[PDB]
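[1] Show me the folded form of this:
(one chain, ligands or ions: 1)
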Amino acid sequence: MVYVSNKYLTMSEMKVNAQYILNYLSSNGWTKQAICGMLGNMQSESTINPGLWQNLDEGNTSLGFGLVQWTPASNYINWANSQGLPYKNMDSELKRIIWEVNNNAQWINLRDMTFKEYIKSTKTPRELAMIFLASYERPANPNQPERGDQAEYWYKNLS
Ligand SMILES: CC(=O)N[C@@H]1[C@@H](O)[C@H](O[C@@H]2O[C@H](CO)[C@@H](O[C@@H]3O[C@H](CO)[C@@H](O)[C@H](O)[C@H]3NC(C)=O)[C@H](O)[C@H]2NC(C)=O)[C@@H](CO)O[C@H]1O
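    Residues are numbered from 1 along each chain as shown. Structure data below:
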């Protein structure tokens, strides 16, 4: 059970999606800390909603889409379509992220941590949140310390 829509999720809805992501990525070798660091980012990017377009502007593939706001959305949608995966889909977006770690895509090593190091890390959810922000997401505004608060929130409130 996941929420997938072009709408901002409430805290209760985010919690359903966040637990799902943690279970999925744990089976693929990620630590809870690394997952929560990423979740703290996804909350700011999309309210952890695989269906969400930047500005709620549905169909604008030049802008952000999905959990992490792939920008341009075509960076992800092109891949899903080429891979025969439905683009508007939780698992499809998690598969992209796994694909990125395996092929060293998306990540720029600005904090002397590689993507492969990140996913195995037991640094705090706040620190990993800030690393994922700087290395993977890289939005026009880099000052979003709330992503670390959010990471810790998910670390505390999920299993
Ligand atoms: C208005 C705004 O902030 N929009 C946000 C997007 O900027 C942000 O997506 C990220 O955008 C940056 C800058 O375009 C991307 O980094 C660039 O990536 C290319 C590789 O294709 C590289 O050549 C550049 O060096 C690099 N620039 C910088 C400054 O790092 C980055 O890949 C985008 N991130 C993702 C996940 O696609 C998204 C996500 O934070 O949010 C929009 O709101």
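
[2] can you dump the C-alpha coordinates of stretch 109-125 into CSV?
    This file holds the C-alpha atoms of stretch 109-125, laid out as CSV (Å, rounded to 0.1, in the frame of the first residue of the first chain):
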residue,chain,number,x,y,z
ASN,A,109,31.4,13.4,-4.7
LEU,A,110,31.4,16.8,-3.0
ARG,A,111,31.8,15.5,0.6
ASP,A,112,34.4,12.8,0.2
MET,A,113,31.7,10.1,0.3
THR,A,114,30.8,8.0,-2.8
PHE,A,115,27.3,6.8,-3.4
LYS,A,116,28.5,3.2,-2.6
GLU,A,117,29.9,4.5,0.7
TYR,A,118,26.7,6.4,1.4
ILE,A,119,24.3,3.4,1.4
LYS,A,120,26.5,1.5,3.8
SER,A,121,27.0,4.4,6.2
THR,A,122,26.1,4.5,9.9
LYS,A,123,26.6,8.2,10.3
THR,A,124,23.6,10.0,11.7
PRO,A,125,20.5,10.5,9.6
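
[3] Relative to the whole chain's centre, how far out is stretch 150-159?
    Mean C-alpha position of stretch 150-159 versus that of the full chain (CA atoms, centre = their mean, to the nearest Å) differs by 15 Å.

[4] Start from the N-terminal end of the chain and give the helices.
    Per DSSP state H, the chain carries helices over the ranges 11-26, 32-46, 74-83, 90-103, 115-119, 125-132, 146-157.

[5] Please see if the shortest one touches the ligand.
    No: for helix 115-119 and the ligand, the contact criterion (CB under 6 Å from any ligand atom) is not met; the two come no nearer than 12.5 Å. Placement of C-beta: from N, CA and C, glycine included.

[6] ok, residues contacting that helix?
    When contacts are defined by CB atoms under 8 Å, 6 or more residues apart in numbering, helix 115-119 is touched by residues 25, 29-31, 34, 37, 100-101, 104, 106-107, 128, 131-132, 135-136.

[7] So which of these reach the ligand?
    Counting by CB under 6 Å from any ligand atom, no member of the contacts of helix 115-119 is near the ligand.

[8] okay if I get the helices of the chain as CSV plus distance to residue 55 and mean neighbour count?
    Compiled in CSV, these are given as follows (distance: least, CB to CB, whole Å; neighbours: other CB atoms under 10 Å):
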stretch, distance to residue 55, mean neighbour count
helix 11-26, 19, 17
helix 32-46, 12, 26
helix 74-83, 16, 16
helix 90-103, 19, 18
helix 115-119, 28, 19
helix 125-132, 22, 24
helix 146-157, 19, 19
